[PDB]
Amino acid sequence: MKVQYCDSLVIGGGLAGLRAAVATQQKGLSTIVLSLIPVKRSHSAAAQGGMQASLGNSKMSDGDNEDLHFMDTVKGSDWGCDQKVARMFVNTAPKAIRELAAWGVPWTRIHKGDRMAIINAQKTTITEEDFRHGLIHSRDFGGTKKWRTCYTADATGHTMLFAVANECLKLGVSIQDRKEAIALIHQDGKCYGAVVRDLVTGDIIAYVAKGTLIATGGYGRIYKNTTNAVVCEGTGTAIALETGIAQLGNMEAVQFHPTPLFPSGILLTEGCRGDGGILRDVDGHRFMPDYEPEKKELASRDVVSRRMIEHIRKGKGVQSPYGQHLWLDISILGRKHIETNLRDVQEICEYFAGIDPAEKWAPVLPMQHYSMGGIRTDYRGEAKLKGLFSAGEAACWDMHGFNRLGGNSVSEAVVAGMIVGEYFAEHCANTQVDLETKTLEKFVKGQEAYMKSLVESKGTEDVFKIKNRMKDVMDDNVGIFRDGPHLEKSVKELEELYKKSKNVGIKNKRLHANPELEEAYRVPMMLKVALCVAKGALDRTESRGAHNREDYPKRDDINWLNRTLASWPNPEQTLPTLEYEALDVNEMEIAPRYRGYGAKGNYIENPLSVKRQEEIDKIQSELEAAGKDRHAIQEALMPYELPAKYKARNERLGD
Amino acid sequence: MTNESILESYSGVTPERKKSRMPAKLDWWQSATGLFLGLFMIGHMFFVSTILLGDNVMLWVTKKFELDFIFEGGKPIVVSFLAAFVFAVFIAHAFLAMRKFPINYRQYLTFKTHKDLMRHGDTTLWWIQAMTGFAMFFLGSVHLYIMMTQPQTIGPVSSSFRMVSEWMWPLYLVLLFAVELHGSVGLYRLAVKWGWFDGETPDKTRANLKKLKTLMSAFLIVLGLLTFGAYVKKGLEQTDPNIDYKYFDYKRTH
Amino acid sequence: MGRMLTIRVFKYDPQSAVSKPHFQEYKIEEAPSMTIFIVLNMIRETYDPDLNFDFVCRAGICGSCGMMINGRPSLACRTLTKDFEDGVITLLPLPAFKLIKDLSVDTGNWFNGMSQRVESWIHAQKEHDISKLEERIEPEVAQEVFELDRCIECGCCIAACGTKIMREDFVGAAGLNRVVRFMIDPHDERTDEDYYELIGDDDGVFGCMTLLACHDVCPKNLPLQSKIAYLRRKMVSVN
Amino acid sequence: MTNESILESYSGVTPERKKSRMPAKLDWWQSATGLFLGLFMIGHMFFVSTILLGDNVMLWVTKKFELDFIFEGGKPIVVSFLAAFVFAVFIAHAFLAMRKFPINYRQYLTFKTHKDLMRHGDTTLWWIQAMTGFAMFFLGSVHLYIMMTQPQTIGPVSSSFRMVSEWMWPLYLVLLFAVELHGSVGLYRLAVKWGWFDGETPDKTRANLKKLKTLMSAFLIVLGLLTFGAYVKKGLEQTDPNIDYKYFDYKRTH
Amino acid sequence: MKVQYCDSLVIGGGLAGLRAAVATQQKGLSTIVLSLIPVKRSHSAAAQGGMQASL
């Protein structure tokens, strides 16, 4: 048998996984990072919008702080998040930005002077004073009143990922690519590592560690249309699910993006840098003002996606061989001034759409983009399976609830990498494990036998058409608008699809470097993940955040102010087991109310929300009278934990 | 050898534990010798083409070439010393630049295949540099030695004698294209290699330099191809078996 | 579009004892906006699931899909079939990298070694406090560091380099560019002498023959030509 | 290029999945060209030293050298074709053997230091092989071209003219020791490299071969050093400015 | 902490250690042989008398 040992095993080489590896390696814990691909090619590298952090450097960031960022996050989550985790996040984001700056990330900086446009109306000139010069700049992104999205020109995710990967190399972290975790080794409710398949040689290897962290990203690829990389298939989520003990949280909470290029899914950051992009229908008609007279195209991205679907169902969409879509027109600009970098989007359209933005319109359609759901953890990042941690998009640490704030996800990846990293390191240093060869051999030989059965299978099903059928079902029935009848049917077809995946047969019999063998074991996993999303969507009879039930259009704070927990106890069951974790209103710093976007008064009020709200109002007014600061008032409303390393305050311009 | 030399061979480092500066100096001298020879050949093309301005003019430059005031007579001994110097740099340059040749079957096969698949200008031009450089090992050495041992045979008719009579035209014909392609491409690459004129828009600069190269080279081959005919014509005219063309004698020989 | 394309692919499994290097042809019907990414996935799912290749972002941002397309190292995900008049496309794996199978090569681990060889990380005596204001940086400087930091480690400039193909230890254009990226970053305290100890030899900057294929093939249009020369001038006058 | 050529470059193996036989063939031809040139130079030393047997004898071999029966006249055109052939092999040999030179600073420093520490005969003699071979790039090319373009200038007095008058003695003097050291050591190494005479006691054989080498080479340099004086003497005697020594004419020139 | 695992650990690279490693490795057991020095320099290499066996 082949066995590799390390103190801390990290599964996933994205921003979250690499940052967590830095935390453990810097304290002498031997650490290995496993990844399907070279870590610098992870999906994190595609982030172009930016990272959210309340620095308060620029004019449009003036007066920003943890409280304001916290509020935007909670309301955005439509009260589905763990508010304490959100506090840990907003308080730590500023220091993540600054640590990366010290690591060389070339953040765009502020320079003295005036700027034009970049505003909805009224004002149009921005002035950056001399004392702001040279500090990290910010842009308007995510729809927050206060501009706090930091960026390194047009490749933020890329420069961030490279810096964290370079730090890993500096510290001597062991990075092993083209290696895939296909199962978790566990016994007596404890995780002792993972069974790994070497994608090149085909060897099945056991990686044992005192602690294991899963930072495998999202599961967007279960959908046909997604912005996600080809590797975001949710297998990390699946192996966690297949332990029969670790639980998945809010898998039905999927976020879409309104304007990806159709049908590729390639992101056109059009209308971001400089608002001007106009959405048009089949008649060239600018429809957004018809649905949103005030906000128009600048409405909440959440709203824009819905309106685009509504307009298409109204029969005003553009027909094409790949389905219906709409138009994105930016030609209305095609020119400006200079003094800084502002030229990219055209290339995307020319290289792929095969056209110049300044001339023709780009085809677009809302597509899957982010996975709020993931492996359920406590505030420390540990799952129900002891010794198993998770961070990043792969987790449901839950600072996102039912709607992630634009710019908060790449921020969570690094922030969670820092915080969960500390707790993960602590666990790995203090715990003591009993590694039984009997258990190791069982899991290892079990996967070798599994690989052999796949290669020897005389099944007649085709893995590729089963995977493609799954993606269609997810897109057609588990998209922006959902209803019981269709969810019912999708769940049924997915379950049927799952049973057929077990009768797959492949042509290439080799055990090494086999793309076909890879699909044979990954698809069944994706189907289990899909089932959790679909079934979770069917049973959740309410509309919350990105989850929209046309048959239950209102947010039900009485029966659904909770979190969906999915598990798969019996390896033979064909449907996930769903449970619910209720959210304690008393443990909230901000009681449920209007989320700030979408229709008004569209939620069933919970008597306790009113009760808690009054208490909050009272507790604040009093302490505020006694001349107590926001830090003391926050602590009185909802105390939260932070590891020693990060409990310091964040210095800001003009304290 | 020396102790420091032994310590560096065995440790791969300097006695102070630093990498040798020799690779840097060798890189410098390779380029320096290349530059010299490159410019030299430019002037060489002018003075050698003076025959087009008439036998008298060519005779003039020749005589006034390298020390003529110190002794109005002649003293072709200076051309020999000049030829010796140029020969030395020619050898040094060949020695240093030789390190850059593909050196085995794999490198050769592998590079040639790449060149043909790529169809990339600057990569192909390097192959020509290497190829022309190798050929000059034999071609240039001949001309350089004769020019160093028989400086009193340079002239409108004397040179024309060797050109046709002694059958040097085949070598000169081949060497012309050889050193020209080699020198012009080398001067161009030398510019982008060190970036002396990059400026603010290096891409525009490079484009300009490549255009200049083609123009300068086009001008030089045509001129040198005309000068070729010049000496060849005068050589075909030489018939009188009683005339000592080679050592034709004016005041101080010829 | 409607046009019939002839796709010729290099195939070879070094791990199989009975595998021999050969070319396999496929016949695919061109479609509007069709990329090599779409072509290879079609072949995989409907004609030959044996073929190995590596795709990730399919948006020309990750550097995973580099390969020789009709003689030139390019990103397959941004390569349109439409730009090939003949309708004949030949795909070869990137040269100068360890071959895994068919069109798949080990690009990531060579780059990781390169990154370690040139110590591709910030070198600073003191550790700045992350709870305090960041050190100020001129926006112009942050901009030029970014320009060089845009490298996506695709390997096209390595495979494009005849020097690297003949001499394996050559650090490559990507390596020379990484050095400059840190050289001009004020956060990094290394001096010219420190960098000389890294690439001041025949396997480093002096091994570059200025073929410039790296510059002409870089899908990111990095200023390799002037940046490498800049480094050569700097390294040649160290001691 | 060809498909097989591309498959071999990219796979490092043959389409049949075997290593190329080219390295073997190249090794063969390198030795074959070396052998030829080695033997050739031996004969060359005899015919060139015939001048010692009297101007008449040397004149005889020259005339009867390369086709003389087909045309009693002369036809030095044959010497040109012969010189051309030898030049070709000279180039091919240089091309192939060039692969064996130390090719960079490290290899050079490192090998030189080893040579000096070792004080091992056969290793040092290889250095001389490399060194003499490099020098002949420039020295041999000169003599070979002239011999190919002016075959009608070979003779007791004609050769002596070029030897002294045209100042070829410096080159010949240096080239003599060069090609001799190179050729004899190369023939010796060639014997132990392929082991043609190893037999049952290879060590005794090698010892014998090394002794033979020194004797043969001692005999050749002294003979060639005497032949040198021969042409030099006749060259210093040539004084009459009215005598056309170079193209001296007998029946068919000279 | 640094940990190496194998099914069969052999300490000593002499005739006995190497022959035992062959026995375990030939049956698929991953095996490591530890030695102070390259195994072919073990004291076993000095035997010049011979080996006793009733052939």
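The chains carry the letters A, B, C, D and E, assigned in the order they are written, with residues numbered from 1 in each.
Here is the rule we use: a residue touches a chain if its C-beta (ideal position, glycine included) is under 8 Å from a C-beta of that chain, and two chains touch if they have at least 3 such contacts.
In UniProt terms, the chains line up like this: A = Fumarate reductase flavoprotein subunit; B, D = Fumarate reductase cytochrome b subunit; C = Fumarate reductase iron-sulfur subunit.
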Co-neighbours of chain D and chain C - touch as defined: B
Most centrally placed chain, judged by C-alpha centres: C
Whole-Å gap between the CA centroids of chain B and chain C: 37
CA centroid of chain B to CA centroid of chain E, Å: 65
Chain centre separation in whole Å, for chain D relative to chain B (CA means): 26
Where chain B touches two or more other chains, by residue: 20, 23, 26, 110, 114, 116-117
Multi-partner residues of chain C (each touching 2 or more other chains): 92, 95, 202
Parts of chain C lying in touch with chain B, wherever the complex brings them together: 68, 71-72, 92, 95, 160, 162, 165-167, 196-197, 200-202, 206, 208-213, 216, 223, 225-226, 229-230, 232-233, 235-239
Parts of chain E lying in touch with chain A, wherever the complex brings them together: 1-5, 7, 30
Touch list for chain B against partner chain C, complex: 18-21, 23-24, 26-28, 100, 102, 106-107, 110-111, 114-120, 122-123, 126, 189, 192-195, 198, 202-203, 206
Contacting residues of chain B [partner chain D, same complex]: 1, 5-6, 8-9, 20, 22-23, 26, 87, 91, 94-95, 98-99, 101, 103-105, 109-110, 112-114, 116-117, 134, 137-139, 141-142, 144-146, 149-150, 166-168, 170-171, 244, 246
Chain A to chain C touching residues, read off their complex: 37-41, 43, 45-46, 95-99, 101-104, 106-111, 133-137, 152-153, 155, 158-159, 162, 166-167, 169-170, 175, 177-178, 200-201, 229-231, 264, 266-267, 340-341, 348, 351-354, 464, 468, 506-508, 510, 512-513, 515-516, 648-653
